[PDB]
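**Student:** model this:
(4 chains, ligands or ions: 2)
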Amino acid sequence: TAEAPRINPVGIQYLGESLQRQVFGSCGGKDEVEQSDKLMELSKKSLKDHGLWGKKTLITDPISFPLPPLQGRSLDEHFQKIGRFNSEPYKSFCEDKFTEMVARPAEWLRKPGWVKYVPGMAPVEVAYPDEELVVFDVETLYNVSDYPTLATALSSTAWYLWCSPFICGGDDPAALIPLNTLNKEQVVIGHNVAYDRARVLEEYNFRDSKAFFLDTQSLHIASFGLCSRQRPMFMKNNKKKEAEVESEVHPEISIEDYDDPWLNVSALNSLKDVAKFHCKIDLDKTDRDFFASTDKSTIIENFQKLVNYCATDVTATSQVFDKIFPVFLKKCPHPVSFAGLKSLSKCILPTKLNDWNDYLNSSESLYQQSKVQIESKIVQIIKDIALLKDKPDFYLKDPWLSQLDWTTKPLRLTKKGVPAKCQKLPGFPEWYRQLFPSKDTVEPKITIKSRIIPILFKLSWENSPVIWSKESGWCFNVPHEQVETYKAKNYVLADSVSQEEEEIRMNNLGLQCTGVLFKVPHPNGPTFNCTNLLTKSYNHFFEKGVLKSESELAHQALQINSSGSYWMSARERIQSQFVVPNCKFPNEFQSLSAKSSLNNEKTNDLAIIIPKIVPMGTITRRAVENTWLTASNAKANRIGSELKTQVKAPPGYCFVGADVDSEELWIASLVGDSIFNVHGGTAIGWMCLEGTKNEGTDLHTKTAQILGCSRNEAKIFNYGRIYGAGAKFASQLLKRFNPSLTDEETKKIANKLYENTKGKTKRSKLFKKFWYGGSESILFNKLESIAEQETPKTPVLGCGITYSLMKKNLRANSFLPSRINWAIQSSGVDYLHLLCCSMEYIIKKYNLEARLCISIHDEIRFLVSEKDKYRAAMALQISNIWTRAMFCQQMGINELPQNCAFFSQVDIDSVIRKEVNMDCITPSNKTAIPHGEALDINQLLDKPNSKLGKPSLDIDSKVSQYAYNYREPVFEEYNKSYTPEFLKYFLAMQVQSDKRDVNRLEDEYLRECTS
DNA sequence: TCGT
DNA sequence: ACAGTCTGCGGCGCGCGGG
DNA sequence: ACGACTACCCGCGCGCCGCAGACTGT
Ligand SMILES: Nc1ncnc2c1ncn2[C@H]1C[C@H](O)[C@@H](COP(=O)(O)OP(=O)(O)OP(=O)(O)O)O1
Ligand SMILES: [Mg+2]
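**Tutor:** Residues are numbered from 1 along each chain as shown, chains lettered A, B, ... in the order given. Ligands and ions are numbered 1, 2, ... in the order given. Pasting the structure now:
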């Protein structure tokens, strides 16, 4: 009765019959039986060498439930037609855009609202432009308020100017620009357009908008890349332009052009630099200071110049767009990319005003209260020290105070006149003078990060007072007899020059000299020096008695350093968010659901924050936002870590979300498995697909149990090993995870693990350099081989790479690792775009009340009404199985494993936090938050309201109109270069685990090709 | 960019 | 009205922490 | 000079070196 599981030759379970019918339709293989037998023999040899043949795997009853039908014979056609469907009007508006520009009025009128100027006709007053495509710019007086002051727009036929009532007689600075974005489909082009979108009146709606704001900076970063490799390549750029500024004549063609061509193919983010690069345009920037004033009357004069400045910026932005925009179509030609960009260009953050203000006060008060007391106490200690000038015996006798300079400043006295030499602290020690920077300073300014802090607070390392040496930082003296014993402790000997300086200065003080100076260990490396001792990395040294201090303040100070540090980094930006309340604008905050359905309270407090998001701010086309993509998670000790819990949902709504599992490891394993055309052909893939996270049998969890470490540290250790990190750094990582270990044990574990993982290396003439004998050698060779292609393209979609990192622009400097990492990191972005496109299609088709709320990398959250919540969760589970199979079919495999098909957990909550069961108690927050719900596939399928409902007939008919063009996968194009016998002999050499066998195979191959 |  | 002689300011690099 | 490196973003605080600017001294 029950269906029998389906298993491939390896012990891996495939999907059930129904899902196989609905996702892959009808397909067949077995094209090369003999070659498949050979590849199976090699895979069996490797698996038996690594000892995974016959091991039990997880078997589960097949899942079967109905799915929405596809719109094509294959997945590529379906995704092409959906991607063409999601942006029909916008792309057609982006093309046919005007090139000629109309003239500008000789004079401008100061009138409140929107004024339209047409050449040859009188100016008119309009409510709002009624134009499909405009170029737009905003200017605001940031010192006075956050609301805008004036705005300028250009179209194909006319000019438009918007003026605020504040500069027209009124005294209320609160006003937003109206553009009617809820009714008319339109495209607004700008540079850093996220700043402008926050100043539009009709973007503060829960109901979805019909406008698309496009940014040129993302188009510049994506193609014609900034060359931001975060490498000396970025630094060598400013030095070259500094040299060009120095000498007017620049004969760079002799050396700089030859070794580094890439210096002439890119520029910076800024509009002046981008314009200068693409076009010969110079943009003077001297009138921005006028907007830094605190008087509105200065705005009233010079009005014509400011409006002409804004118009010049608009014209420059338009000409920059006209150059950059066609290139992005060449680099990124698949329709899904543009739709995903449009989907990520819209985000909204609901919140409450009074709670935000209370959180902002409670996060600053404790920080200032903690800081003030400790600074006052250390000032008091300095004052107590600074009266020992008269008596020489105590500052000479004391070991710690001898280090400080005690020389009195020279005094210059003029005869019959005042000295007037700007003398600071006459008759005072040098260090106390160095405390005061200027004559005006009456009170010393000191921080726990000061260098003199280990001199003020006396500190002993192994019962030895710390000494300062200019070359070796902090050192501790060791007696002559016990030196060999310290050699057992692996303490390094300090530089001989520092030894001579120490003995010379001591002989100047007296008592001759005894012992030898040993450097304090530094966590990053043995050779690296140490400059601070109150950091986090020394905290365990404070316990166990290795580092000791008589004062109890030091034990306080480290905790203070723990408590406020993140706030010290983030206090400004959090206090600079633009929050708009409901009371000021009472005709704007409309509900997502068309039916009001009551849900109105007794004047409740709702507010909205529009994030400033650059969609492609990275050379791997990832999003960059300064504040909400860097927010910390909640912790018991840290102050202000409850930031993401301020986002809340209005009454009658909730949040539904999910996170991807092992995203970059599953993609890396699939690339390796594509040679054998079977899931599990490599050992790393078999280990990755053995278990599931819900049972606790995932690879990251297994790594942690072997190393005795948490799961996050295991993830760091694995992702460091996949990219190029040596065993020496892995040993230091193991020392960092467990401090109470010796170096030799860590070296043995790291060397053994690296020998079992990577294997050995062989250099040959015909085959350049390769790895062999390891469980992951195939992946390491494959990543390099794809990274040395002349034209590198993303496998799933086909996006290109920036001109800065191409091989033809590189001759001496290589910049190799980023080229390897780039393919996988871009594939993650393609994965996110595919899920966003599928979700948009399903929400439009089945008429759900939902919109995208936030999207951190690999995480998506949606705002959903109470009625349809489980349906929204269902809309997630359909999407992922669509995306993952899309990954498999492009690489040749027409099968998908059952265990990896669905999300492990789907979250339903009222606020944003990592886990639904977290109390989220911080020093600033003393109230627990009620828990939410998490679900899996079976529990979701047991709910009665999960089913979607009846579809709409119009959507399919609209989708069917578009066209589909067949394309060839990129890896099939890569395979054409290699002759077939090369692949067979090369893979046979890779599977061997001995030098003699590899040499014999090379001899056989050379004899065969020779004759 | 630095090691040997 | 020229020629030494100190005494602050300003920019830059590097550690150090969050994702 | 041939090999050897975790990758991508965002910011703050402190010490060091290169110059303007006033004071004598003729
Ligand atoms: N230290 C790192 N070095 C390199 N890549 C990293 C590092 N940390 C994270 N990544 C990558 C791997 C993922 O694609 C992404 C972060 O996703 P994340 O959720 O942290 O991990 P994951 O998806 O592999 O595991 P999980 O099962 O916990 O979701 O960025
Ligand atoms: Mg994940």
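**Student:** any part of the helix ranked longest in chain A near DNA strand C?
**Tutor:** The longest helix of chain A (DSSP state H) is helix A:353-385. No: between helix A:353-385 and DNA strand C, judged by Cβ under 7 Å from any atom of the strand, nothing touches; the nearest distance is 13.6 Å. Every residue, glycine included, has its C-beta placed from N, CA and C.
**Student:** could you find the closest non-adjacent residue to residue A:159?
**Tutor:** Nearest non-adjacent residue to residue A:159, counting by Cβ to Cβ, 6 or more residues apart in numbering: residue A:117, 4.4 Å away.
**Student:** the one you found: what's it in contact with?
**Tutor:** With contacts defined as Cβ atoms under 8 Å, 6 or more residues apart in numbering, residue A:117 is in contact with A:104-105, A:123, A:158-161.
**Student:** recalculate using a threshold of 7 Å.
**Tutor:** Residue A:117 sits next to A:105, A:123, A:158-159 when contact means Cβ atoms under 7 Å, 6 or more residues apart in numbering.
**Student:** weed out the non-buried ones from those residues.
**Tutor:** Listed as buried from those are A:123, A:158-159; burial here means 16 or more other Cβ atoms under 10 Å.
**Student:** looking at these, spot the one nearest DNA strand C.
**Tutor:** When those are compared for distance to DNA strand C (Cβ to the nearest atom of the strand), residue A:159 wins out at 38.2 Å.
**Student:** which residues does the closest one contact?
**Tutor:** Per Cβ under 7 Å, 6+ apart, neighbours of residue A:159: A:104-105, A:117.
**Student:** if we can go back for a sec, list the helices and strands the longest helix of chain A packs on?
**Tutor:** helix A:553-574 (3 or more Cβ pairs under 7 Å, 6 or more residues apart in numbering; DSSP states H and E).
**Student:** check which helices and strands the helix it packs on is in contact with.
**Tutor:** Looks like helix A:553-574 contacts helix A:353-385 (3+ Cβ pairs under 7 Å, 6+ apart).
**Student:** can you do 10 Å?
**Tutor:** On a contact count with 3 or more Cβ pairs under 10 Å, 6 or more residues apart in numbering; DSSP states H and E, helix A:553-574 meets helix A:353-385, helix A:453-456, helix A:539-542.
**Student:** can you tell me which of the contacts of residue A:117 is nearest residue A:169?
**Tutor:** Nearest to residue A:169 among the contacts of residue A:117 is residue A:123, at 20.0 Å by Cβ to Cβ.
**Student:** so what's the closest one closest to, chain neighbours aside?
**Tutor:** Nearest to residue A:123 is residue A:117, by Cβ to Cβ, 6+ apart, at 4.9 Å.
**Student:** if we can go back for a sec, orientation of the longest helix of chain A relative to helix A:553-574 in degrees?
**Tutor:** 140 degrees (axes from the mean of the first three to the mean of the last three Cα atoms, to 10 degrees).
**Student:** restrict the following helix or strand past helix A:353-385 to CA atoms and write it as CSV.
**Tutor:** Counting by DSSP states H and E, the element after helix A:353-385 in chain order, helix or strand, is helix A:392-397. C-alpha atoms of helix A:392-397 as CSV (Å, rounded to 0.1, in the frame of the first residue of the first chain):
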residue,chain,number,x,y,z
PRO,A,392,63.3,62.0,45.1
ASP,A,393,63.5,58.8,47.1
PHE,A,394,60.0,57.5,46.3
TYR,A,395,59.9,58.1,42.5
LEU,A,396,63.5,56.7,42.2
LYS,A,397,63.0,53.7,44.5
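**Student:** and whichever helix or strand comes after helix A:392-397, what other elements does it pack with?
**Tutor:** Of the helices and strands lying after helix A:392-397 in sequence (DSSP H and E), the nearest is helix A:430-435. Identification of packing neighbours for helix A:430-435 by 3+ Cβ pairs under 10 Å, 6+ apart yields helix A:353-385.
**Student:** so who does residue A:354 touch?
**Tutor:** A:581, A:605, A:607 (Cβ atoms under 10 Å, 6 or more residues apart in numbering).
**Student:** correct me, but the second one touches residue A:582?
**Tutor:** Yes: between residue A:605 and residue A:582 a contact is recorded at 6.8 Å, counting by Cβ atoms under 10 Å.
**Student:** overlap in contacts of the two?
**Tutor:** A:352-353.
**Student:** that older thread, okay, and which of the buried ones among the contacts of residue A:117 map to strands?
**Tutor:** Judged by DSSP state E, the subset of the buried ones among the contacts of residue A:117 located in strands is residue A:159.
**Student:** who in the stretch 701-850 of chain A is up against DNA strand D?
**Tutor:** Counting by Cβ under 7 Å from any atom of the strand, the residues of the stretch 701-850 of chain A near DNA strand D are A:716, A:719-720, A:723-726, A:728-729, A:814, A:816-818, A:821, A:825.
**Student:** again with the stretch 551-700 of chain A
**Tutor:** So far as Cβ under 7 Å from any atom of the strand goes, the stretch 551-700 of chain A lies against DNA strand D at A:568-569, A:572, A:617-620, A:624, A:626, A:630.
**Student:** if we go to 10 Å?
**Tutor:** A:565-566, A:568-573, A:614, A:617-627, A:629-630, A:664 (Cβ under 10 Å from any atom of the strand).
**Student:** skip the chain neighbours and tell me the closest residue to residue A:363.
**Tutor:** That would be residue A:640: by Cβ to Cβ, 6+ apart, it lies 4.4 Å from residue A:363.
**Student:** ok, how many other residues are close to the one you found?
**Tutor:** 26 (other Cβ atoms under 10 Å).
**Student:** circling back: distance check, the residue nearest to residue A:159 against residue A:106.
**Tutor:** Between residue A:117 and residue A:106 the distance, using Cβ to Cβ, to the nearest Å, works out to 10 Å.
**Student:** which one is residue A:72 nearest to, not counting chain neighbours?
**Tutor:** On the basis of Cβ to Cβ, 6+ apart, the spatially nearest residue to residue A:72 that is not a chain neighbour turns out to be residue A:78, at 3.8 Å.
**Student:** so that neighbour touches residue A:336, yeah?
**Tutor:** No: judged on Cβ under 10 Å, residue A:78 makes no contact with residue A:336 at a distance of 11.2 Å.
**Student:** between these two, which contacts overlap?
**Tutor:** A:838, A:886.
**Student:** higher neighbour count, those two?
**Tutor:** Comparing residue A:78 with residue A:336 by other Cβ under 10 Å, the one with more neighbours is residue A:336, at 23 against 20.
**Student:** and the more buried one, what element?
**Tutor:** helix A:335-344.
**Student:** summarise which helices and strands whichever helix or strand comes after that helix is packed against.
**Tutor:** Moving toward the C-terminus from helix A:335-344, the next helix or strand (DSSP H and E) is strand A:349-351. Counting contacts by 3+ Cβ pairs under 10 Å, 6+ apart, strand A:349-351 packs against strand A:607-609, strand A:850-854.
**Student:** from the chain's centroid, how far away is the last one?
**Tutor:** Shown here is strand A:850-854, whose average C-alpha point lies 21 Å from the average C-alpha point of the whole chain (Cα atoms, centre = their mean, to the nearest Å).
**Student:** please apply the same query to the shortest one.
**Tutor:** Here the centre of strand A:607-609 is set off from its chain's centre by 24 Å, with Cα atoms, centre = their mean.
**Student:** mind listing what the helix or strand following it pairs with, with the direction of each?
**Tutor:** Once strand A:607-609 ends, the next helix or strand along the chain (criterion: DSSP H and E) is strand A:653-659. Paired strands of strand A:653-659, with direction, are strand A:859-865 (antiparallel), strand A:906-909 (antiparallel) (DSSP bridges).
**Student:** do strand A:653-659 and ligand 1 meet?
**Tutor:** Yes: part of strand A:653-659 sits near ligand 1 under the criterion Cβ under 6 Å from any ligand atom, namely residue A:659.
**Student:** output the contacting helices and strands for whichever helix or strand comes after that strand.
**Tutor:** Toward the C-terminus, strand A:653-659 is succeeded by helix A:663-673 as the next helix or strand (DSSP H and E). Here helix A:663-673 touches helix A:683-688, helix A:699-707, helix A:711-722, helix A:777-787, helix A:816-846, helix A:869-890, going by 3+ Cβ pairs under 10 Å, 6+ apart.
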